[PDB]
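Below: query00.pdb (PDB, N, CA and C atoms and all ligand atoms)
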MODEL        1
ATOM      1  N   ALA M   1      46.056 -42.228   9.051
ATOM      2  CA  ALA M   1      44.679 -42.695   9.080
ATOM      3  C   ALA M   1      44.228 -43.090   7.698
ATOM      4  N   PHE M   2      43.377 -44.096   7.630
ATOM      5  CA  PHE M   2      42.683 -44.421   6.395
ATOM      6  C   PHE M   2      41.305 -43.750   6.414
ATOM      7  N   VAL M   3      40.702 -43.472   5.265
ATOM      8  CA  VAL M   3      39.508 -42.627   5.197
ATOM      9  C   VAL M   3      38.425 -43.324   4.373
ATOM     10  N   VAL M   4      37.160 -43.344   4.780
ATOM     11  CA  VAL M   4      36.131 -43.912   3.933
ATOM     12  C   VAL M   4      35.545 -42.763   3.121
ATOM     13  N   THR M   5      35.449 -42.933   1.814
ATOM     14  CA  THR M   5      34.921 -41.882   0.989
ATOM     15  C   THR M   5      33.568 -42.237   0.366
ATOM     16  N   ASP M   6      33.165 -41.457  -0.651
ATOM     17  CA  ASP M   6      31.831 -41.433  -1.237
ATOM     18  C   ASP M   6      31.217 -42.742  -1.637
ATOM     19  N   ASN M   7      31.977 -43.657  -2.192
ATOM     20  CA  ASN M   7      31.307 -44.806  -2.712
ATOM     21  C   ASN M   7      30.756 -45.741  -1.645
ATOM     22  N   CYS M   8      31.153 -45.601  -0.385
ATOM     23  CA  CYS M   8      30.564 -46.389   0.676
ATOM     24  C   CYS M   8      29.075 -46.069   0.920
ATOM     25  N   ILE M   9      28.702 -44.807   0.780
ATOM     26  CA  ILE M   9      27.369 -44.346   1.091
ATOM     27  C   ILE M   9      26.399 -45.161   0.248
ATOM     28  N   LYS M  10      25.365 -45.679   0.923
ATOM     29  CA  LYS M  10      24.297 -46.480   0.338
ATOM     30  C   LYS M  10      24.769 -47.850  -0.176
ATOM     31  N   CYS M  11      25.981 -48.249   0.217
ATOM     32  CA  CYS M  11      26.542 -49.548  -0.092
ATOM     33  C   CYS M  11      26.805 -50.187   1.261
ATOM     34  N   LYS M  12      27.723 -49.710   2.112
ATOM     35  CA  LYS M  12      27.946 -50.201   3.467
ATOM     36  C   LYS M  12      27.971 -51.720   3.574
ATOM     37  N   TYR M  13      28.948 -52.217   2.833
ATOM     38  CA  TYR M  13      29.229 -53.633   2.782
ATOM     39  C   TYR M  13      29.722 -54.230   4.095
ATOM     40  N   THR M  14      30.351 -53.442   4.954
ATOM     41  CA  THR M  14      31.010 -53.801   6.185
ATOM     42  C   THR M  14      32.086 -54.870   6.151
ATOM     43  N   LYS M  15      32.567 -55.321   4.999
ATOM     44  CA  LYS M  15      33.699 -56.234   4.888
ATOM     45  C   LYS M  15      34.959 -55.726   5.576
ATOM     46  N   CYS M  16      35.146 -54.403   5.512
ATOM     47  CA  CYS M  16      36.279 -53.721   6.130
ATOM     48  C   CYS M  16      36.405 -53.980   7.617
ATOM     49  N   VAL M  17      35.313 -54.107   8.368
ATOM     50  CA  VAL M  17      35.516 -54.229   9.800
ATOM     51  C   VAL M  17      36.105 -55.582  10.160
ATOM     52  N   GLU M  18      36.020 -56.626   9.350
ATOM     53  CA  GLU M  18      36.594 -57.925   9.683
ATOM     54  C   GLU M  18      38.069 -57.909   9.970
ATOM     55  N   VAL M  19      38.683 -57.166   9.073
ATOM     56  CA  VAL M  19      40.090 -57.201   8.997
ATOM     57  C   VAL M  19      40.635 -56.151   9.940
ATOM     58  N   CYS M  20      39.897 -55.166  10.528
ATOM     59  CA  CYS M  20      40.522 -54.140  11.363
ATOM     60  C   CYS M  20      41.141 -54.669  12.659
ATOM     61  N   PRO M  21      42.445 -54.536  13.011
ATOM     62  CA  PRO M  21      42.951 -55.078  14.251
ATOM     63  C   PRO M  21      42.549 -54.245  15.434
ATOM     64  N   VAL M  22      42.224 -52.961  15.258
ATOM     65  CA  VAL M  22      41.958 -52.151  16.418
ATOM     66  C   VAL M  22      40.512 -51.736  16.576
ATOM     67  N   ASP M  23      39.653 -52.173  15.663
ATOM     68  CA  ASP M  23      38.225 -51.913  15.659
ATOM     69  C   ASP M  23      37.923 -50.429  15.703
ATOM     70  N   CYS M  24      38.398 -49.707  14.688
ATOM     71  CA  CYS M  24      38.181 -48.279  14.699
ATOM     72  C   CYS M  24      37.204 -47.776  13.651
ATOM     73  N   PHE M  25      36.216 -48.596  13.287
ATOM     74  CA  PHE M  25      35.170 -48.202  12.363
ATOM     75  C   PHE M  25      33.976 -47.830  13.218
ATOM     76  N   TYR M  26      33.233 -46.810  12.811
ATOM     77  CA  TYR M  26      32.049 -46.377  13.512
ATOM     78  C   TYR M  26      30.938 -46.305  12.491
ATOM     79  N   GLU M  27      29.771 -46.653  12.970
ATOM     80  CA  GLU M  27      28.664 -46.910  12.085
ATOM     81  C   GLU M  27      27.563 -45.855  12.011
ATOM     82  N   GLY M  28      27.175 -45.572  10.778
ATOM     83  CA  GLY M  28      26.072 -44.684  10.540
ATOM     84  C   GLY M  28      25.038 -45.507   9.834
ATOM     85  N   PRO M  29      23.814 -44.981   9.668
ATOM     86  CA  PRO M  29      22.715 -45.625   8.941
ATOM     87  C   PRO M  29      23.100 -46.114   7.559
ATOM     88  N   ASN M  30      23.865 -45.377   6.768
ATOM     89  CA  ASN M  30      24.199 -45.828   5.443
ATOM     90  C   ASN M  30      25.651 -45.593   5.026
ATOM     91  N   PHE M  31      26.567 -45.548   5.991
ATOM     92  CA  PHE M  31      27.941 -45.269   5.697
ATOM     93  C   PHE M  31      28.752 -45.651   6.928
ATOM     94  N   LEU M  32      30.055 -45.904   6.767
ATOM     95  CA  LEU M  32      30.970 -46.204   7.875
ATOM     96  C   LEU M  32      32.097 -45.183   7.920
ATOM     97  N   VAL M  33      32.662 -44.831   9.074
ATOM     98  CA  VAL M  33      33.841 -43.978   9.113
ATOM     99  C   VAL M  33      34.975 -44.614   9.918
ATOM    100  N   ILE M  34      36.204 -44.179   9.722
ATOM    101  CA  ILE M  34      37.338 -44.667  10.437
ATOM    102  C   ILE M  34      37.665 -43.585  11.407
ATOM    103  N   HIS M  35      37.893 -43.921  12.684
ATOM    104  CA  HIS M  35      38.367 -42.930  13.637
ATOM    105  C   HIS M  35      39.862 -42.698  13.407
ATOM    106  N   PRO M  36      40.331 -41.499  13.051
ATOM    107  CA  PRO M  36      41.704 -41.253  12.683
ATOM    108  C   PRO M  36      42.713 -41.385  13.813
ATOM    109  N   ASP M  37      42.329 -41.232  15.073
ATOM    110  CA  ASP M  37      43.274 -41.359  16.149
ATOM    111  C   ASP M  37      43.553 -42.786  16.479
ATOM    112  N   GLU M  38      42.597 -43.634  16.184
ATOM    113  CA  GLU M  38      42.720 -45.023  16.522
ATOM    114  C   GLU M  38      43.301 -45.879  15.423
ATOM    115  N   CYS M  39      43.102 -45.498  14.172
ATOM    116  CA  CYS M  39      43.562 -46.270  13.063
ATOM    117  C   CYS M  39      45.061 -46.343  13.178
ATOM    118  N   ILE M  40      45.641 -47.517  12.934
ATOM    119  CA  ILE M  40      47.087 -47.675  12.979
ATOM    120  C   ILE M  40      47.636 -47.766  11.575
ATOM    121  N   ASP M  41      46.903 -47.363  10.545
ATOM    122  CA  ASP M  41      47.412 -47.391   9.182
ATOM    123  C   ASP M  41      48.055 -48.688   8.699
ATOM    124  N   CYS M  42      47.509 -49.808   9.155
ATOM    125  CA  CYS M  42      47.964 -51.134   8.745
ATOM    126  C   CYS M  42      47.578 -51.467   7.316
ATOM    127  N   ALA M  43      46.642 -50.680   6.764
ATOM    128  CA  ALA M  43      46.118 -50.788   5.413
ATOM    129  C   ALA M  43      45.433 -52.067   5.043
ATOM    130  N   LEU M  44      45.091 -52.904   6.022
ATOM    131  CA  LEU M  44      44.475 -54.181   5.720
ATOM    132  C   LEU M  44      43.054 -54.106   5.175
ATOM    133  N   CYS M  45      42.309 -53.025   5.448
ATOM    134  CA  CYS M  45      40.924 -52.795   5.022
ATOM    135  C   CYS M  45      40.711 -52.413   3.580
ATOM    136  N   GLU M  46      41.666 -51.706   3.018
ATOM    137  CA  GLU M  46      41.341 -51.166   1.735
ATOM    138  C   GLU M  46      41.330 -52.135   0.567
ATOM    139  N   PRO M  47      41.986 -53.311   0.559
ATOM    140  CA  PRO M  47      41.685 -54.389  -0.356
ATOM    141  C   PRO M  47      40.319 -55.032  -0.151
ATOM    142  N   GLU M  48      39.800 -54.992   1.083
ATOM    143  CA  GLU M  48      38.555 -55.639   1.410
ATOM    144  C   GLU M  48      37.312 -54.893   0.991
ATOM    145  N   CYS M  49      37.399 -53.572   0.793
ATOM    146  CA  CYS M  49      36.199 -52.835   0.465
ATOM    147  C   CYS M  49      35.678 -53.205  -0.905
ATOM    148  N   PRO M  50      34.536 -53.833  -1.170
ATOM    149  CA  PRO M  50      34.082 -54.076  -2.541
ATOM    150  C   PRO M  50      33.821 -52.758  -3.302
ATOM    151  N   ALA M  51      33.420 -51.686  -2.639
ATOM    152  CA  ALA M  51      33.158 -50.417  -3.284
ATOM    153  C   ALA M  51      34.420 -49.613  -3.543
ATOM    154  N   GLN M  52      35.587 -50.115  -3.140
ATOM    155  CA  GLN M  52      36.868 -49.426  -3.153
ATOM    156  C   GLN M  52      36.817 -47.956  -2.727
ATOM    157  N   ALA M  53      36.128 -47.824  -1.600
ATOM    158  CA  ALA M  53      35.893 -46.523  -1.018
ATOM    159  C   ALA M  53      36.941 -46.135   0.016
ATOM    160  N   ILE M  54      37.840 -47.040   0.483
ATOM    161  CA  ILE M  54      38.812 -46.641   1.477
ATOM    162  C   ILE M  54      40.142 -46.208   0.863
ATOM    163  N   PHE M  55      40.731 -45.123   1.392
ATOM    164  CA  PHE M  55      41.959 -44.505   0.916
ATOM    165  C   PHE M  55      42.813 -44.141   2.080
ATOM    166  N   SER M  56      44.107 -44.171   1.837
ATOM    167  CA  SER M  56      45.038 -43.633   2.792
ATOM    168  C   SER M  56      44.774 -42.138   2.658
ATOM    169  N   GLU M  57      44.825 -41.477   3.802
ATOM    170  CA  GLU M  57      44.595 -40.073   3.937
ATOM    171  C   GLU M  57      45.297 -39.244   2.856
ATOM    172  N   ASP M  58      46.539 -39.577   2.647
ATOM    173  CA  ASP M  58      47.422 -38.926   1.696
ATOM    174  C   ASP M  58      47.161 -39.311   0.259
ATOM    175  N   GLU M  59      46.236 -40.237   0.055
ATOM    176  CA  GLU M  59      45.869 -40.649  -1.272
ATOM    177  C   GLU M  59      44.412 -40.356  -1.582
ATOM    178  N   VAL M  60      43.675 -39.713  -0.668
ATOM    179  CA  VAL M  60      42.253 -39.397  -0.875
ATOM    180  C   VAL M  60      42.165 -38.574  -2.160
ATOM    181  N   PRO M  61      41.296 -38.820  -3.135
ATOM    182  CA  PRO M  61      41.177 -38.036  -4.348
ATOM    183  C   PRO M  61      40.937 -36.583  -4.066
ATOM    184  N   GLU M  62      41.386 -35.658  -4.914
ATOM    185  CA  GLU M  62      41.247 -34.220  -4.671
ATOM    186  C   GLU M  62      39.790 -33.813  -4.469
ATOM    187  N   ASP M  63      38.898 -34.339  -5.277
ATOM    188  CA  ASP M  63      37.498 -33.999  -5.155
ATOM    189  C   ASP M  63      36.778 -34.674  -3.990
ATOM    190  N   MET M  64      37.482 -35.464  -3.150
ATOM    191  CA  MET M  64      36.913 -36.127  -1.994
ATOM    192  C   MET M  64      37.558 -35.729  -0.701
ATOM    193  N   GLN M  65      38.296 -34.624  -0.707
ATOM    194  CA  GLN M  65      39.037 -34.182   0.468
ATOM    195  C   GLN M  65      38.170 -33.876   1.663
ATOM    196  N   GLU M  66      36.888 -33.622   1.506
ATOM    197  CA  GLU M  66      35.952 -33.346   2.597
ATOM    198  C   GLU M  66      35.837 -34.604   3.427
ATOM    199  N   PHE M  67      35.946 -35.773   2.809
ATOM    200  CA  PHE M  67      35.756 -36.968   3.581
ATOM    201  C   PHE M  67      36.695 -37.178   4.737
ATOM    202  N   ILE M  68      37.878 -36.530   4.734
ATOM    203  CA  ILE M  68      38.898 -36.695   5.776
ATOM    204  C   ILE M  68      38.368 -36.106   7.055
ATOM    205  N   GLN M  69      37.893 -34.859   7.001
ATOM    206  CA  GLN M  69      37.330 -34.208   8.158
ATOM    207  C   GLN M  69      36.029 -34.866   8.584
ATOM    208  N   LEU M  70      35.185 -35.260   7.609
ATOM    209  CA  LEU M  70      33.924 -35.947   7.879
ATOM    210  C   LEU M  70      34.103 -37.217   8.674
ATOM    211  N   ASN M  71      35.081 -38.046   8.332
ATOM    212  CA  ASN M  71      35.384 -39.242   9.113
ATOM    213  C   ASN M  71      35.739 -38.874  10.526
ATOM    214  N   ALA M  72      36.544 -37.825  10.720
ATOM    215  CA  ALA M  72      36.936 -37.417  12.057
ATOM    216  C   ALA M  72      35.755 -36.950  12.925
ATOM    217  N   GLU M  73      34.883 -36.124  12.317
ATOM    218  CA  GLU M  73      33.690 -35.613  12.940
ATOM    219  C   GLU M  73      32.704 -36.695  13.267
ATOM    220  N   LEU M  74      32.314 -37.509  12.308
ATOM    221  CA  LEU M  74      31.311 -38.493  12.575
ATOM    222  C   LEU M  74      31.761 -39.607  13.476
ATOM    223  N   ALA M  75      33.053 -39.932  13.504
ATOM    224  CA  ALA M  75      33.594 -40.975  14.370
ATOM    225  C   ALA M  75      33.352 -40.718  15.839
ATOM    226  N   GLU M  76      33.236 -39.431  16.152
ATOM    227  CA  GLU M  76      32.960 -38.978  17.489
ATOM    228  C   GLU M  76      31.500 -39.150  17.859
ATOM    229  N   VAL M  77      30.564 -39.293  16.915
ATOM    230  CA  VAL M  77      29.193 -39.298  17.331
ATOM    231  C   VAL M  77      28.509 -40.592  17.053
ATOM    232  N   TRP M  78      29.045 -41.398  16.140
ATOM    233  CA  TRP M  78      28.420 -42.655  15.775
ATOM    234  C   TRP M  78      28.939 -43.789  16.652
ATOM    235  N   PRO M  79      28.192 -44.884  16.815
ATOM    236  CA  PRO M  79      28.614 -46.077  17.562
ATOM    237  C   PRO M  79      29.681 -46.989  16.959
ATOM    238  N   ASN M  80      30.603 -47.552  17.750
ATOM    239  CA  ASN M  80      31.614 -48.500  17.264
ATOM    240  C   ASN M  80      31.047 -49.745  16.600
ATOM    241  N   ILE M  81      31.463 -50.127  15.382
ATOM    242  CA  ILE M  81      30.941 -51.346  14.806
ATOM    243  C   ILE M  81      32.061 -52.363  14.789
ATOM    244  N   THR M  82      31.950 -53.513  15.444
ATOM    245  CA  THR M  82      33.042 -54.473  15.439
ATOM    246  C   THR M  82      32.705 -55.774  14.682
ATOM    247  N   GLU M  83      31.465 -56.087  14.253
ATOM    248  CA  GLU M  83      31.151 -57.298  13.495
ATOM    249  C   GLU M  83      30.606 -56.856  12.158
ATOM    250  N   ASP M  84      30.911 -57.559  11.068
ATOM    251  CA  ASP M  84      30.284 -57.270   9.801
ATOM    252  C   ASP M  84      28.842 -57.730   9.898
ATOM    253  N   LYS M  85      28.065 -57.302   8.916
ATOM    254  CA  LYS M  85      26.673 -57.625   8.852
ATOM    255  C   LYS M  85      26.326 -57.679   7.375
ATOM    256  N   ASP M  86      25.054 -57.847   7.040
ATOM    257  CA  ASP M  86      24.700 -57.861   5.633
ATOM    258  C   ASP M  86      24.809 -56.474   5.019
ATOM    259  N   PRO M  87      25.190 -56.352   3.740
ATOM    260  CA  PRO M  87      25.204 -55.097   2.977
ATOM    261  C   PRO M  87      23.857 -54.407   2.944
ATOM    262  N   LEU M  88      23.751 -53.140   2.615
ATOM    263  CA  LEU M  88      22.433 -52.530   2.532
ATOM    264  C   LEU M  88      21.662 -53.175   1.382
ATOM    265  N   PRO M  89      20.309 -53.267   1.321
ATOM    266  CA  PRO M  89      19.530 -54.134   0.419
ATOM    267  C   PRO M  89      19.845 -53.990  -1.063
ATOM    268  N   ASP M  90      20.035 -52.720  -1.406
ATOM    269  CA  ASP M  90      20.269 -52.331  -2.780
ATOM    270  C   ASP M  90      21.697 -51.860  -3.052
ATOM    271  N   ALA M  91      22.655 -52.378  -2.274
ATOM    272  CA  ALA M  91      24.022 -51.897  -2.344
ATOM    273  C   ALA M  91      24.665 -51.963  -3.719
ATOM    274  N   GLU M  92      24.477 -52.982  -4.534
ATOM    275  CA  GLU M  92      25.143 -52.925  -5.813
ATOM    276  C   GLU M  92      24.440 -52.068  -6.855
ATOM    277  N   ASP M  93      23.187 -51.606  -6.656
ATOM    278  CA  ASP M  93      22.589 -50.603  -7.542
ATOM    279  C   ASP M  93      23.300 -49.262  -7.356
ATOM    280  N   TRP M  94      23.672 -48.974  -6.097
ATOM    281  CA  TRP M  94      24.381 -47.749  -5.793
ATOM    282  C   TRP M  94      25.897 -47.826  -5.911
ATOM    283  N   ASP M  95      26.504 -48.995  -6.046
ATOM    284  CA  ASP M  95      27.948 -49.155  -6.140
ATOM    285  C   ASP M  95      28.475 -48.496  -7.380
ATOM    286  N   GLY M  96      29.205 -47.425  -7.182
ATOM    287  CA  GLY M  96      29.828 -46.754  -8.294
ATOM    288  C   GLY M  96      29.060 -45.540  -8.783
ATOM    289  N   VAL M  97      27.909 -45.210  -8.184
ATOM    290  CA  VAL M  97      27.166 -44.013  -8.552
ATOM    291  C   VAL M  97      27.950 -42.892  -7.956
ATOM    292  N   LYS M  98      28.101 -41.798  -8.664
ATOM    293  CA  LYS M  98      28.879 -40.731  -8.056
ATOM    294  C   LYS M  98      28.013 -39.694  -7.329
ATOM    295  N   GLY M  99      28.619 -38.920  -6.436
ATOM    296  CA  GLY M  99      27.903 -37.861  -5.741
ATOM    297  C   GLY M  99      26.983 -38.336  -4.622
ATOM    298  N   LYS M 100      27.258 -39.450  -3.948
ATOM    299  CA  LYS M 100      26.374 -39.940  -2.929
ATOM    300  C   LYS M 100      26.397 -39.216  -1.601
ATOM    301  N   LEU M 101      27.266 -38.239  -1.398
ATOM    302  CA  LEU M 101      27.286 -37.482  -0.151
ATOM    303  C   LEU M 101      25.988 -36.727   0.055
ATOM    304  N   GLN M 102      25.262 -36.348  -0.989
ATOM    305  CA  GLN M 102      23.960 -35.695  -0.807
ATOM    306  C   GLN M 102      22.928 -36.646  -0.201
ATOM    307  N   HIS M 103      23.221 -37.961  -0.127
ATOM    308  CA  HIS M 103      22.340 -38.969   0.449
ATOM    309  C   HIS M 103      22.875 -39.378   1.800
ATOM    310  N   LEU M 104      23.906 -38.802   2.404
ATOM    311  CA  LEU M 104      24.385 -39.336   3.672
ATOM    312  C   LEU M 104      23.364 -39.181   4.785
ATOM    313  N   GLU M 105      23.127 -40.097   5.712
ATOM    314  CA  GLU M 105      22.192 -39.878   6.798
ATOM    315  C   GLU M 105      22.929 -39.833   8.120
ATOM    316  N   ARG M 106      22.603 -38.911   9.028
ATOM    317  CA  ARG M 106      23.307 -38.859  10.290
ATOM    318  C   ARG M 106      22.687 -39.795  11.317
TER     319      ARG M 106
HETATM  320  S1  LIG B 201      44.059 -49.151   8.113
HETATM  321 FE1  LIG B 201      44.060 -50.908   9.552
HETATM  322  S2  LIG B 201      43.619 -49.976  11.567
HETATM  323 FE2  LIG B 201      43.028 -48.367  10.001
HETATM  324  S3  LIG B 201      40.837 -48.768   9.661
HETATM  325 FE3  LIG B 201      41.952 -49.961   8.076
HETATM  326  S4  LIG B 201      42.157 -52.016   9.024
HETATM  327 FE4  LIG B 201      41.607 -50.629  10.754
HETATM  328  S1  LIG B 202      31.427 -50.129   1.356
HETATM  329 FE1  LIG B 202      31.859 -49.010   3.289
HETATM  330  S2  LIG B 202      31.184 -50.451   4.927
HETATM  331 FE2  LIG B 202      33.450 -50.852   4.599
HETATM  332  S3  LIG B 202      33.424 -52.521   3.060
HETATM  333 FE3  LIG B 202      33.599 -50.569   1.889
HETATM  334  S4  LIG B 202      34.140 -48.983   3.461
ENDMDL
END
Written as structure tokens, that's how I'd like the structure from this file.
Amino acid sequence: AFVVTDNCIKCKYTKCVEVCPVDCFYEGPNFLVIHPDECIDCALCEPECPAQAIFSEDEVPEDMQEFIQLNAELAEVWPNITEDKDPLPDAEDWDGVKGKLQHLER
């Protein structure tokens, strides 16, 4: 599975969903997650993320290991997103700010 981590929050560019062959991204108000059972690890999304927030599970940074379980949990409750849309209004002000998990919205 590929995993969306911290830098997506408050950015949510949605470029990643274009390239997904199996449509396994699920949408939250200010963040996206990958459903781990559905992802086929084709890795096509992680060049596309402008926030460089997507990682192969086995490459998730040590300080971001919570995101693996979080993607699994939230994928079950959020709606499937299959079309990209516009980025959040202020996405590049937040691009690269650290510690954005305290701002996640369910
Ligand atoms: S690795 Fe491939 S299948 Fe998994 S989320 Fe990214 S684009 Fe979709
Ligand atoms: S910012 Fe988030 S919405 Fe997709 S394009 Fe990067 S993982």
Query - Expected selection from the PyMOL selection byres (((not hetatm)) within 6.5 of (chain B and resi 202)), given as a ChimeraX atom specification - result: /M:4-5,7-9,11-17,31-32,48-54
Report task. Throw together the list of residues within 8 Å of ligand LIG 201 (chain B), counting only C-alpha atoms and all ligand atoms, and drop it here as a PyMOL selection string. Result -> chain M and resi 1-3+16-17+19-25+34-36+38-46+56
**Report entry** Neighbours of point (27.3, -45.2, 12.3) within 10 Å, using only C-alpha atoms, written as a list in words
**Finding:** residues 25, 26, 27, 28, 29, 30, 31, 32, 33, 74, 75, 76, 77, 78, 79, 80, 81, 105 and 106 of chain M
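Straight-line separation from atom CA of residue 99 of chain M to atom CA of residue 65 of chain M: 13.3 Å.
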**Report entry** Distance in Å - atom C of residue 57 of chain M versus atom CA of residue 72 of chain M
**Finding:** 12.6 Å
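Going from atom CA of residue 10 of chain M to atom CA of residue 86 of chain M covers 12.6 Å.
All residues within chain M that the backbone DSSP calculation assigns to alpha helix (DSSP H) are residues 16, 17, 18, 19, 66, 67, 68, 69, 70, 71, 72, 73, 74, 75, 91, 92, 93 and 94 of chain M.
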What are the centre and the three edge lengths of an axis-aligned box that wraps all atoms of segment 41-57 of chain M in the file, given that 3 Å is added to every side, written as lines of an AutoDock Vina configuration file and rounded to one decimal in Å?
center_x = 40.6
center_y = -47.4
center_z = 3.5
size_x = 20.9
size_y = 22.4
size_z = 20.1
